[PDB]
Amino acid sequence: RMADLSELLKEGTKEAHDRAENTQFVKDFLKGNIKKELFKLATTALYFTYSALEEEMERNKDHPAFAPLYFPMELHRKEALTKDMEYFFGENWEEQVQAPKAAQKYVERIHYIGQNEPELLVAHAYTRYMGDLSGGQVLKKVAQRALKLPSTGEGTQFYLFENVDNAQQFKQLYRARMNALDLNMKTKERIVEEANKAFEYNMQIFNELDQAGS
C-alpha cells in the first residue's frame, strides 16, 4: 500500500518537511518571537497564494485529475484570511497590500500549473491544506498569546476550519481520495516532485520573512 499517492508524497517530501520545521522563521514563530508587523505580512503572503490557489482550484473544480480534491466548503481559506486582513489592517487593508517577492513566484507557479500541468495541482493543495490541518490549532494559540489576540478568533479566523470538525480523520478522507484519482505512476512521481517544489516556495517565503526582521 506504500504505492499510494499519499504514501509516495509523504516519503517523497520528508526531507523538505524537515527543512520547514527547522527553518528559523518557523522556530522563532512557534516561540512567539514574531511581532505584529511580521504577522501582518505573513498573513498577506498567505492570502495571495491561497486566493490564487483557490481561484485555480476553482478553475479545475471539475477536472478528472482534481475533481474530488475540490472542497470549497471544508477547506478554502480566502473567506478566512479576508476577515483576518480586516482585523489587522482594517477595511482599508486592500489599498495597502504587498506580497513578498517569493510569494509572487509562488503564485505565478500556482497559475502556470493552472493550465499547463493540471494533473499536478493536487501537489499544491496537498502541501498547503494538509499542513494546515496538522498543526493549525497550535499556531492559532501561539499567535493569540504573542500578539495578545482574542480567544474568540479575531485575527486568526484563518487557523480555524469552521466546517471541519475532525482534522485527523478528515485528512484520511483526503488521502483516500488522492489515491482514488486515475493516475499513472509516471505522473505521480511528477506530483511528488511538485509537492517538494511547493515546500521550497514556502521555504522562500519563510526565508524572506526572516530577513524582514533585521
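Don't overthink the numbering: it's just position in the shown sequence, from 1.
Engineer: Mean Cα B factor from the PDB record: higher for 183-191, or higher for 38-46?
Structural biologist: According to the entry, 183-191 carries the higher average C-alpha B-factor.
Engineer: For the C-alpha atoms alone, is the average B factor greater in 122-130 or in 91-99, going by the entry?
Structural biologist: Mean C-alpha B-factor is greater for 91-99.
Engineer: Relative to the other modelled residues of the same chain, rank the CA B-factor of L30 and answer lowest, middle or highest third.
Structural biologist: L30: CA B-factor falls in the middle third of its chain.
Engineer: Among the chain's modelled residues, which third holds the C-alpha B-factor of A65?
Structural biologist: It belongs to the middle third of the chain when residues are ordered by C-alpha B-factor.
Engineer: Among the chain's modelled residues, which third holds the C-alpha B-factor of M178?
Structural biologist: Its C-alpha B-factor, which the entry lists for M178, ranks in the highest third among residues of this chain.
Engineer: Going by what the PDB entry lists, where does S151 fall on CA B-factor within its chain: lowest, middle or highest third?
Structural biologist: It belongs to the highest third of the chain when residues are ordered by C-alpha B-factor.
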